[PDB]
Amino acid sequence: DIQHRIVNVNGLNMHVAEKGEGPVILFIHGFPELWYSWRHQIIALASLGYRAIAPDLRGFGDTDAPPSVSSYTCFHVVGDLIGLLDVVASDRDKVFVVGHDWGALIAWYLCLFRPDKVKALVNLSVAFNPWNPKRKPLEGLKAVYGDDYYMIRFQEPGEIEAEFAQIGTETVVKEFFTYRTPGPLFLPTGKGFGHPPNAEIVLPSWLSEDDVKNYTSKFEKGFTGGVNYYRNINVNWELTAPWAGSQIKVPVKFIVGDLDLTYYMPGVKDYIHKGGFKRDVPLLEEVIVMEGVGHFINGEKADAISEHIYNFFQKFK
């Protein structure tokens, strides 16, 4: 059975799911995800000699959610993870890391700030984000996509929360998790996802009703914690100028589905395939583009992702 604990990390109570013995694999979920999003990987790794550790991030699930938006920079979350490793894996020099979506971003920062703590990295969906002095990220995103782009809609405090409350938690969860468009997600102002009211949402074969119930029971407490991550995008950029020109010093395996919208953000495809990714991440071993796979690749292709994780981390035994 998967073990669940509440652990105090420098005053932040974090919910940690854990299973197995052996080398530590730290799973970092994204938005709007939880530890639950790694459950298959937690099993399909614990039964292979690894100690899978998946926390609810700051502001998610059963982890404490600080009320201020200023408490959700990348530094706060990476510090949470460093303290968590010091509490539950103190006798471990380095750990393995697997990230997805915002988690992937966090993983990048974790490898950027503390490469001494990471043995190898498997990141999903989101490729590395080299610091760019020319333009703030939100400004470029808005210049390409406009004000109804979901990351822009998330910025003003309270607005997207009001729209989500109008839509209902379960419907919001389904709208996010069943998304399969290889393009920008638009949230028309005052109209939610811009879909007819009480329309049917057909769940894919990898997402069950019980998964939706698990996500809904946790996000009924609020989406603000996860949205604050997006609300700190420009803050992260403004505070990460010290790492202009930095290189990730960690072996990395990157996996993404060719229907994932993040794969089609400005310049991402050329960055991954035309040499910039390999330049910024010198130990990037392989890039895996799965055909016909969407954003939630660790859920849509659970066994394949588990096998990729295991095969990559076996090269460092």
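Start at 1 and count along the sequence shown; that's the residue number.
Report the stretch with the higher mean CA temperature factor, choosing between 91-99 and 225-233 on the basis of the entry.
Taking the mean B-factor of the alpha carbons in each, 91-99 is higher.
Higher mean Cα B-factor in the deposited model: 274-282 or 63-71?
Between 63-71 and 274-282, it is 274-282 that shows the higher mean C-alpha B-factor.
For the CA B factor values reported in this entry, which option in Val268, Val256, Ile53, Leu48 has the top one?
Across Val268, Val256, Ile53, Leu48, the entry lists the biggest C-alpha B-factor for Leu48.
Identify, among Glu220, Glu156, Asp80, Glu175, the residue whose C-alpha carries the highest B-factor in the deposited PDB entry.
In this record, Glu220 carries the highest C-alpha B-factor of the candidates.
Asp148 - which third its CA temperature factor falls in, relative to the rest of the chain
Ranked within chain, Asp148 CA B lands in the lowest tercile.
Compare the C-alpha B factor of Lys117 with those of the other modelled residues in its chain, then answer lowest, middle or highest third.
Ranked within chain, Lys117 CA B lands in the middle tercile.
Where does the C-alpha B-factor of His195 rank in its chain, lowest, middle or highest third?
Within its chain, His195 is a middle-third residue by C-alpha B-factor, going by the deposited values.
Compared with the other modelled residues in the chain, in which third is the CA B-factor of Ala244?
Middle third of the chain for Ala244's C-alpha B-factor.
Relative C-alpha B-factor of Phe128, binned into the chain's lowest, middle or highest third
It falls in the bottom third of the chain.
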